[PDB]
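Asker: Sending over a structure as structure tokens; questions will come in a sec.
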Amino acid sequence: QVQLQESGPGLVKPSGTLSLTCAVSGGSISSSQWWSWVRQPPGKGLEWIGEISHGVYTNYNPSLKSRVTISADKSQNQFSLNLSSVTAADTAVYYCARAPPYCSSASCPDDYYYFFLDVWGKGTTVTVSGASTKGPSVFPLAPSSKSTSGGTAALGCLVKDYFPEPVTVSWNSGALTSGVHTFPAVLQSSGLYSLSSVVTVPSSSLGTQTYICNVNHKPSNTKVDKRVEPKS
Amino acid sequence: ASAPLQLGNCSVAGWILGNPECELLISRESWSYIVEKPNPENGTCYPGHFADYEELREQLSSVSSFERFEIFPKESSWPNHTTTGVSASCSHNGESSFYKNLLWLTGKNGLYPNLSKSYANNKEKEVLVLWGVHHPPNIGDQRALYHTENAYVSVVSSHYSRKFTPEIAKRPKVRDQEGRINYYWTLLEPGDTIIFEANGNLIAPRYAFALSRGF
Amino acid sequence: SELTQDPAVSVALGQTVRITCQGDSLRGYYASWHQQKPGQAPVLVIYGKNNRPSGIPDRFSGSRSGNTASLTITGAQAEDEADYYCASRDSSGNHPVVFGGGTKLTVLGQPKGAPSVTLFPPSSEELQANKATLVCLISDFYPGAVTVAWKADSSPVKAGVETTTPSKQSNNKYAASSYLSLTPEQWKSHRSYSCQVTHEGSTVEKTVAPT
Ligand SMILES: *[C@@H]1O[C@H](CO)[C@@H](O[C@@H]2O[C@H](CO)[C@@H](O[C@@H]3O[C@H](CO)[C@@H](O)[C@H](O)[C@@H]3O)[C@H](O)[C@H]2NC(C)=O)[C@H](O)[C@H]1NC(C)=O
Ligand SMILES: *[C@@H]1O[C@H](CO)[C@@H](O)[C@H](O)[C@H]1NC(C)=O
Ligand SMILES: *[C@@H]1O[C@H](CO)[C@@H](O)[C@H](O)[C@H]1NC(C)=O
Ligand SMILES: *[C@@H]1O[C@H](CO)[C@@H](O)[C@H](O)[C@H]1NC(C)=O
């Protein structure tokens with residue numbers, strides 16, 4: 001029913017200000033529910049940022065209250081997150097979620113003493129570095145007889161040299177999900193990421209089914225659709 | 001015969017409201033007079049004032065016909081509102097319960113749209129309708145439950161007309177309840193129509209009582 | 001007024017595990033449980049006091065005994081291997097939200113399988129950009145402990161090698177990728193390059209050559 005969707009820059013310079021926006025459909029921001037923001041640093045647990053009830057009432061984490069502002073736009077059914085004086089310790093994946101109403105006193109029905117985040121968003125990655133972004137470079141991975149195990153073949157795409165995270169890769173514009181596997185990107189020594197998305201397909205569908213990977217990089221506004229063609 | 005109505009450890013308040021411990025043998029069809037205790041133990045489990053208690057306690061003294069009916073079906077009449085509200089003060093056998101004749105309507109999906117429910121007394125007898133008005137201790141709980149801070153509850157009949165507003169205030173702690181629920185009642189004559197319009201803090205009626213004061 | 005969990009716990013297939021989350025703030029609000037798989041958003045498995053959302057298997061269950069909350073997984077499956085965080089609200093001040101330290105649940109059912117190594121040479125289009133990179137893809141291996149080695153004409157090479165840490169696959173397996181960056185001269189001047197994959201004693205090698 002309720003769907004959330006984060007939107008941000010993906011890259012913020014140090015001591016700058018992070019600005020995100022969580023569009024909400026199937027629900028109302030102005031409700032008594034607590035629309036929250038949750039972040040998660042790389043390789044660490046979840047950290048609670050804040051929340052906003054109705055379109056005006058807010059509550060924040062004491063560890064970051066001095067530089068966080070959560071506003072709500074009732075007209076567009078959206079609520080935003082502002083974080084100033086950002087450092088390297090603020091690089092994380094930012095999620096928006098929905099929390100139930102709660103009572104501060106013990107004079108309420110029992111269903112008003114829960115806390116949970118039932119509806120989450122896909123989350124957006126925000127990197128605080130101060131380095132200018134770079135568009136990715138897409139190259140195919142044509143298979144051959146070595147990439148075939150009798151009837152099991154494999155072909156993919158190479159997304160080399162980009163910054164920052166993330167990069168989403170789909171195949172045939174979402175018309176393929178069987179055998180698809182996008183490997184986690186690696187942080188090379190230069191400072192750029194590189195990942196590879198491969199799909200395991202049979203060998204009897206080479207000269208028939210066409211394969212195209214859809215690479216997307218929102219921070220630099222780059223969408224390349226390269227065709228993987230095996231050649232002699 | 002015409003033996004008296006025995007309430008035991010229950011008062012007329014918890015008896016007519018449907019206290020979770022005052023729901024045994026109370027479906028009696030007729031009685032001549034009421035017998036309780038000098039200091040009853042089970043009545044208004046949720047703390048609050050019972051308006052016109054002596055008047056109600058005297059109207060129900062001699063009753064010839066007495067049956068309760070679901071004036072507002074729980075699973076039918078409250079679509080946009082939450083009805084499963086249960087309080088720890090009205091505990092019953094180690095379980096938070098509530099009055100069986102009343103419903104604690106709260107918000108659903110963080111919203112509390114204004115409701116308007118009416119009832120026509122086509123039972124050829126006098127109907128006893130009871131309802132409550134919740135008073136949270138703080139405004140934070142007022143918004144959590146009913147989404148609005150300017151809540152109104154209007155109960156208009158042919159011979160009754162009164163509007164209610166919550167008094168947000170931190171009451172003394174009684175049964176772990178710093179809020180209050182004021183209980184109100186009226187008699188609906190045959191043909192009369194009672195109206196319930198509210199946007200919060202309404203303890204809606206579930207079971208009314210079609211009665212007739214006789215011998 | 002802080003939530004504490006066990007950093008990691010393991011359970012065999014079909015066995016029962018109980019994750020405990022302790023904290024003084026659990027005496028004012030119910031405790032929920034959120035499941036997070038790698039590369040995914042968290043999923044709520046327990047509203048609180050053993051209440052599950054729609055779509056959550058009944059093998060998840062919650063319980064509270066004072067200041068401790070417990071999540072119990074009866075008959076653990078392979079897809080239950082994820083991170084678990086407890087949460088509630090603090091009963092003091094403006095009532096902030098407290099998260100637990102997390103608990104890495106490892107399922108030890110062992111459908112042991114050998115990896116499937118695939119080595120891709122630099123694409124012809126990449127060579128025109130004065131660049132060349134080999135892509136060694138590993139997948140379907142259990143457990144997720146593997147080491148990668150690179151050779152150039154049967155000579156070990158360690159420069160310009162980037163290898164990712166093994167991650168869980170969709171079918172409850174593991175997969176990793178290694179890369180070897182080199183100049184277009186090194187790709188053409190040599191005879192062949194190899195990618196060695198050592199996984200629990202056995203070593204699988206794949207070799208490509210300029211063709
Ligand atoms: C009907 O009346 C009886 C009294 O005869 C009520 O029993 C009372 O229940 C409350 C709540 O369970 C008790 O308070 C609690 O007692 C425990 C000890 O068991 C204590 O640890 C708590 O801190 C709290 O004080 C109360 O003692 C108990 N009274 C007696 C005399 O046992 C019953 O709850 C009433 N039920 C309804 C629906 O009105
Ligand atoms: C009802 O009141 C009497 C008074 O003596 C008491 O002994 C009895 O325990 C009460 N009933 C219950 C269920 O507690
Ligand atoms: C009911 O609530 C809506 C929502 O604010 C309002 O627009 C409307 O005028 C209200 N009507 C009544 C009769 O309370
Ligand atoms: C519930 O919402 C619907 C849709 O607006 C409305 O028609 C209905 O009257 C509402 N329920 C009550 C009891 O007013």
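Here's how to read the names in the structure tokens: chain A, B, ... by the order shown, residue numbers from 1 in each chain, ligand numbers from 1 in the order shown.
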What residues in chain A have any atom no more than 7 Å from chain C when counting only C-alpha atoms, and can you write them as number ranges by chain?
Answerer: A: 45-48, 61, 113-118, 120, 122-123, 139-141, 147, 183, 186, 188
Asker: Pick out the chain A residues within 12 Å of chain B. Count only C-alpha atoms. Give them as a tab-separated table (two decimals) with N, CA and C atoms, in the first residue's frame.
Answerer:
chain	number	residue	atom	x	y	z
A	1	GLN	N	0.83	-1.20	0.00
A	1	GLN	CA	0.00	0.00	0.00
A	1	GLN	C	0.86	1.26	0.00
A	2	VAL	N	1.52	1.52	1.13
A	2	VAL	CA	2.38	2.69	1.26
A	2	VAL	C	3.72	2.39	0.60
A	26	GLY	N	0.40	6.43	-1.54
A	26	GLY	CA	-0.44	5.55	-0.76
A	26	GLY	C	-0.55	5.90	0.70
A	27	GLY	N	-0.01	7.04	1.13
A	27	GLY	CA	-0.10	7.47	2.51
A	27	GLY	C	-0.16	8.98	2.58
A	28	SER	N	-0.26	9.50	3.80
A	28	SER	CA	-0.35	10.93	4.04
A	28	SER	C	0.74	11.34	5.01
A	29	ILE	N	1.57	12.31	4.61
A	29	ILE	CA	2.61	12.82	5.49
A	29	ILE	C	1.98	13.48	6.72
A	30	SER	N	0.85	14.15	6.53
A	30	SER	CA	0.20	14.90	7.60
A	30	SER	C	-0.43	14.01	8.67
A	31	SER	N	-0.30	12.69	8.56
A	31	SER	CA	-0.94	11.79	9.52
A	31	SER	C	-0.21	11.82	10.86
A	32	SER	N	-0.79	11.12	11.84
A	32	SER	CA	-0.19	11.01	13.16
A	32	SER	C	1.04	10.10	13.17
A	33	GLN	N	1.32	9.42	12.07
A	33	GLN	CA	2.47	8.53	11.99
A	33	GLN	C	3.77	9.33	11.99
A	34	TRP	N	4.85	8.66	12.38
A	34	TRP	CA	6.17	9.28	12.48
A	34	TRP	C	7.01	8.85	11.29
A	35	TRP	N	7.10	9.72	10.29
A	35	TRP	CA	7.92	9.46	9.12
A	35	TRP	C	9.37	9.76	9.46
A	53	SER	N	6.10	14.02	12.73
A	53	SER	CA	4.68	13.70	12.83
A	53	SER	C	3.86	14.88	12.34
A	54	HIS	N	2.65	14.58	11.86
A	54	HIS	CA	1.81	15.55	11.15
A	54	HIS	C	2.70	16.15	10.06
A	55	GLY	N	2.73	17.46	9.89
A	55	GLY	CA	3.67	18.05	8.96
A	55	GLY	C	4.63	19.01	9.64
A	57	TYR	N	5.66	18.51	13.53
A	57	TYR	CA	6.27	18.05	14.78
A	57	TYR	C	7.45	17.12	14.50
A	58	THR	N	8.57	17.38	15.17
A	58	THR	CA	9.82	16.68	14.90
A	58	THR	C	10.42	16.14	16.19
A	98	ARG	N	8.40	4.51	7.97
A	98	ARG	CA	7.18	4.94	8.63
A	98	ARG	C	7.07	4.24	9.98
A	99	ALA	N	6.76	5.00	11.02
A	99	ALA	CA	6.65	4.50	12.38
A	99	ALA	C	5.23	4.69	12.90
A	100	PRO	N	4.79	3.87	13.84
A	100	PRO	CA	3.42	3.99	14.35
A	100	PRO	C	3.29	5.15	15.32
A	101	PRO	N	2.08	5.63	15.56
A	101	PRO	CA	1.87	6.60	16.64
A	101	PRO	C	2.12	5.95	18.00
A	102	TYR	N	2.60	6.75	18.94
A	102	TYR	CA	2.88	6.27	20.28
A	102	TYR	C	2.42	7.31	21.29
A	103	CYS	N	2.15	6.85	22.51
A	103	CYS	CA	1.75	7.71	23.60
A	103	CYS	C	2.90	7.89	24.58
A	104	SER	N	3.09	9.13	25.03
A	104	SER	CA	4.13	9.40	26.01
A	104	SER	C	3.72	8.97	27.42
A	105	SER	N	2.43	8.92	27.69
A	105	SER	CA	1.92	8.50	28.99
A	105	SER	C	1.40	7.07	28.93
A	106	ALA	N	1.13	6.51	30.10
A	106	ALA	CA	0.59	5.16	30.23
A	106	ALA	C	-0.93	5.12	30.17
A	107	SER	N	-1.56	6.14	29.58
A	107	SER	CA	-3.01	6.23	29.55
A	107	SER	C	-3.54	6.12	28.12
A	108	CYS	N	-3.25	5.02	27.45
A	108	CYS	CA	-3.64	4.82	26.06
A	108	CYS	C	-3.92	3.34	25.85
A	109	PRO	N	-4.56	2.99	24.73
A	109	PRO	CA	-4.67	1.57	24.37
A	109	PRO	C	-3.29	0.95	24.15
A	110	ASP	N	-3.24	-0.38	24.27
A	110	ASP	CA	-1.96	-1.08	24.21
A	110	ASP	C	-1.32	-1.02	22.83
A	111	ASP	N	-2.09	-0.79	21.77
A	111	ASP	CA	-1.53	-0.71	20.43
A	111	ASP	C	-0.81	0.60	20.16
A	112	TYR	N	-0.70	1.48	21.15
A	112	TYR	CA	-0.02	2.76	21.00
A	112	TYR	C	1.29	2.80	21.79
A	113	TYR	N	1.89	1.63	22.03
A	113	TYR	CA	3.19	1.54	22.68
A	113	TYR	C	4.16	0.70	21.87
Asker: Report as CSV the residues of range 60-173 of chain A within 8 Å of range 195-208 of chain A, each with its shortest atom pair and distance in Å (one decimal), using only C-alpha atoms, ordered by chain and increasing residue number.
Answerer:
residue,atom,partner,partner_atom,distance
A:148,CA,A:203,CA,6.8
A:150,CA,A:203,CA,7.7
A:151,CA,A:203,CA,5.1
A:152,CA,A:202,CA,4.7
A:153,CA,A:203,CA,5.3
A:154,CA,A:200,CA,4.5
A:155,CA,A:198,CA,5.6
A:156,CA,A:198,CA,3.8
A:157,CA,A:197,CA,5.5
A:158,CA,A:196,CA,4.7
A:159,CA,A:195,CA,5.4
A:160,CA,A:195,CA,6.8
A:169,CA,A:197,CA,6.9
Asker: Between CA of residue 57 in chain B and CA of residue 209 in chain B, what is the distance in Å, rounded to a tenth?
Answerer: 14.4 Å
Asker: Between B:196, B:183, B:72, B:164, single out the one closest to residue 47 in chain B, counting only C-alpha atoms.
Answerer: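 Closest to residue 47 in chain B of all the choices is B:183.
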Asker: Using only C-alpha atoms, which protein or nucleic acid residues come within 6 Å of range 57-63 of chain C? Drop anything in the same chain fewer than 6 positions from it, and give the result as a PDB file with C-alpha atoms, in the first residue's frame.
Answerer:
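Resulting contents of selection35.pdb:
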ATOM      1  CA  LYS C  49       5.563  -8.693  21.663  1.00  0.00           C
ATOM      2  CA  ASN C  50       5.292 -11.524  19.111  1.00  0.00           C
ATOM      3  CA  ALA C  69      13.565  -9.119  24.290  1.00  0.00           C
ATOM      4  CA  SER C  70      14.126 -12.336  22.347  1.00  0.00           C
ATOM      5  CA  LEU C  71      13.607 -13.200  18.682  1.00  0.00           C
ATOM      6  CA  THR C  72      13.207 -16.943  18.095  1.00  0.00           C
ATOM      7  CA  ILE C  73      13.575 -18.639  14.705  1.00  0.00           C
ATOM      8  CA  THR C  74      12.201 -22.187  14.843  1.00  0.00           C
TER       9      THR C  74
END
Asker: Collect all residues with atoms no farther than 9 Å from ligand 1, counting only C-alpha atoms and all ligand atoms, and output them as a CSV table (one decimal) with N, CA, C and O atoms, in the first residue's frame.
Answerer:
chain,number,residue,atom,x,y,z
B,9,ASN,N,-20.1,-8.0,43.6
B,9,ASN,CA,-19.0,-7.1,43.8
B,9,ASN,C,-19.0,-5.9,42.7
B,9,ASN,O,-18.0,-5.2,42.6
B,10,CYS,N,-20.1,-5.8,42.0
B,10,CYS,CA,-20.2,-4.8,40.9
B,10,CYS,C,-21.2,-3.7,41.3
B,10,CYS,O,-22.2,-3.9,42.0
B,14,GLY,N,-20.3,-0.1,36.5
B,14,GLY,CA,-19.7,-1.2,35.8
B,14,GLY,C,-20.6,-2.2,35.2
B,14,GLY,O,-20.3,-3.0,34.3
B,19,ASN,N,-18.4,-3.8,32.3
B,19,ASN,CA,-17.1,-4.0,32.9
B,19,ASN,C,-16.7,-5.5,32.6
B,19,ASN,O,-17.6,-6.4,32.8
B,20,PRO,N,-15.5,-5.7,32.2
B,20,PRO,CA,-15.1,-7.1,31.8
B,20,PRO,C,-15.2,-8.1,33.0
B,20,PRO,O,-15.2,-9.3,32.7
B,21,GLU,N,-15.3,-7.6,34.2
B,21,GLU,CA,-15.6,-8.5,35.4
B,21,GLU,C,-17.1,-8.4,35.8
B,21,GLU,O,-17.5,-9.2,36.6
B,22,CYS,N,-17.9,-7.5,35.2
B,22,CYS,CA,-19.3,-7.4,35.5
B,22,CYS,C,-20.1,-7.8,34.3
B,22,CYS,O,-21.0,-7.1,33.9
B,40,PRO,N,-18.6,-1.0,46.4
B,40,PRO,CA,-18.3,-1.9,45.3
B,40,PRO,C,-16.9,-1.9,44.9
B,40,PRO,O,-16.2,-0.8,45.0
B,41,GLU,N,-16.4,-3.0,44.4
B,41,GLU,CA,-15.0,-3.1,44.0
B,41,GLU,C,-14.8,-2.9,42.5
B,41,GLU,O,-13.7,-2.4,42.1
B,42,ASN,N,-15.8,-3.3,41.7
B,42,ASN,CA,-15.6,-3.2,40.2
B,42,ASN,C,-16.7,-2.4,39.7
B,42,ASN,O,-17.9,-2.7,39.8
B,43,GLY,N,-16.3,-1.2,39.0
B,43,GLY,CA,-17.3,-0.3,38.4
B,43,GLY,C,-16.7,0.3,37.1
B,43,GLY,O,-16.5,-0.4,36.1
B,44,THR,N,-16.3,1.6,37.2
B,44,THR,CA,-15.6,2.2,36.1
B,44,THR,C,-14.1,1.9,36.2
B,44,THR,O,-13.4,2.5,37.0
B,45,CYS,N,-13.7,0.8,35.5
B,45,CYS,CA,-12.3,0.4,35.5
B,45,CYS,C,-11.4,1.5,35.0
B,45,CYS,O,-10.4,1.8,35.6
B,46,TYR,N,-11.8,2.2,33.9
B,46,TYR,CA,-11.1,3.4,33.4
B,46,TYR,C,-11.6,4.6,34.3
B,46,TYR,O,-12.8,4.8,34.3
B,88,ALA,N,-5.0,-1.3,29.9
B,88,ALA,CA,-4.5,-2.1,31.0
B,88,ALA,C,-5.2,-1.9,32.3
B,88,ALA,O,-5.2,-2.8,33.2
B,89,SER,N,-5.9,-0.8,32.5
B,89,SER,CA,-6.7,-0.6,33.7
B,89,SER,C,-7.9,-1.5,33.8
B,89,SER,O,-8.3,-1.9,34.9
B,90,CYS,N,-8.5,-1.8,32.6
B,90,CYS,CA,-9.6,-2.7,32.5
B,90,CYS,C,-9.2,-4.1,32.3
B,90,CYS,O,-9.7,-4.8,31.4
B,91,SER,N,-8.2,-4.5,33.0
B,91,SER,CA,-7.6,-5.9,32.9
B,91,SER,C,-8.6,-6.9,33.3
B,91,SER,O,-9.4,-6.8,34.2
B,92,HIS,N,-8.6,-8.1,32.6
B,92,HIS,CA,-9.5,-9.2,32.9
B,92,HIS,C,-8.7,-10.5,32.7
B,92,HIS,O,-8.4,-10.9,31.6
B,93,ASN,N,-8.4,-11.2,33.8
B,93,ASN,CA,-7.7,-12.5,33.8
B,93,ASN,C,-6.3,-12.3,33.1
B,93,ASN,O,-6.0,-13.1,32.3
B,94,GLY,N,-5.6,-11.3,33.6
B,94,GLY,CA,-4.3,-11.1,33.0
B,94,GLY,C,-4.2,-10.7,31.6
B,94,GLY,O,-3.4,-11.2,30.8
B,97,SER,N,-8.4,-5.5,28.7
B,97,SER,CA,-9.7,-5.5,28.1
B,97,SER,C,-10.3,-4.1,28.0
B,97,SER,O,-9.6,-3.1,28.2
B,98,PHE,N,-11.6,-4.1,27.8
B,98,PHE,CA,-12.3,-2.8,27.8
B,98,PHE,C,-13.8,-3.1,28.0
B,98,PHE,O,-14.2,-4.3,28.2
B,99,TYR,N,-14.6,-2.1,28.1
B,99,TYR,CA,-16.0,-2.2,28.3
B,99,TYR,C,-16.6,-3.0,27.1
B,99,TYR,O,-16.3,-2.7,26.0
B,175,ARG,N,-5.1,3.7,38.8
B,175,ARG,CA,-5.0,2.5,38.0
B,175,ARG,C,-4.1,2.7,36.8
B,175,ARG,O,-4.4,2.2,35.7
B,176,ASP,N,-3.0,3.4,37.0
B,176,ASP,CA,-2.0,3.7,35.9
B,176,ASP,C,-2.7,4.4,34.8
B,176,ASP,O,-2.4,4.2,33.6
Asker: Using DSSP on the backbone coordinates, identify all residues within range 72-154 of chain B classified as helix (DSSP H, G or I); present the result as a VMD selection string.
Answerer: chain B and resid 74 to 77 139 to 146
Asker: Those residues you just picked out, can you put them in a file as a tab-separated table (two decimals), in the first residue's frame with N, CA and C atoms?
Answerer:
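The file below, part.tsv, is the result:
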chain	number	residue	atom	x	y	z
B	74	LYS	N	-19.67	-3.61	15.68
B	74	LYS	CA	-18.24	-3.29	15.72
B	74	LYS	C	-17.57	-3.53	14.37
B	75	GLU	N	-17.85	-4.67	13.75
B	75	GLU	CA	-17.21	-5.02	12.49
B	75	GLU	C	-17.90	-4.41	11.27
B	76	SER	N	-18.91	-3.56	11.47
B	76	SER	CA	-19.70	-3.04	10.36
B	76	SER	C	-19.77	-1.52	10.30
B	77	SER	N	-19.78	-0.83	11.43
B	77	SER	CA	-20.11	0.59	11.47
B	77	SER	C	-18.89	1.50	11.57
B	139	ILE	N	-1.23	16.61	25.25
B	139	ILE	CA	-1.62	16.83	23.86
B	139	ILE	C	-0.89	15.91	22.90
B	140	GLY	N	0.28	15.39	23.29
B	140	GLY	CA	0.98	14.44	22.44
B	140	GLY	C	0.19	13.16	22.23
B	141	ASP	N	-0.48	12.69	23.28
B	141	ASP	CA	-1.33	11.52	23.16
B	141	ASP	C	-2.66	11.84	22.48
B	142	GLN	N	-3.11	13.09	22.57
B	142	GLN	CA	-4.31	13.50	21.85
B	142	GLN	C	-4.12	13.38	20.34
B	143	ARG	N	-2.96	13.82	19.84
B	143	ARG	CA	-2.68	13.71	18.42
B	143	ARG	C	-2.39	12.28	18.00
B	144	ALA	N	-1.79	11.49	18.90
B	144	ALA	CA	-1.49	10.10	18.56
B	144	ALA	C	-2.77	9.30	18.35
B	145	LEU	N	-3.80	9.56	19.15
B	145	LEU	CA	-5.02	8.77	19.11
B	145	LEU	C	-6.03	9.29	18.10
B	146	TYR	N	-6.22	10.61	18.02
B	146	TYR	CA	-7.32	11.18	17.26
B	146	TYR	C	-6.87	12.18	16.21
Asker: Might you pull out every residue within 12 Å of residue 128 in chain B, with only C-alpha atoms counted and same-chain residues fewer than 5 positions away left off, and present them as a count of residues only?
Answerer: 32
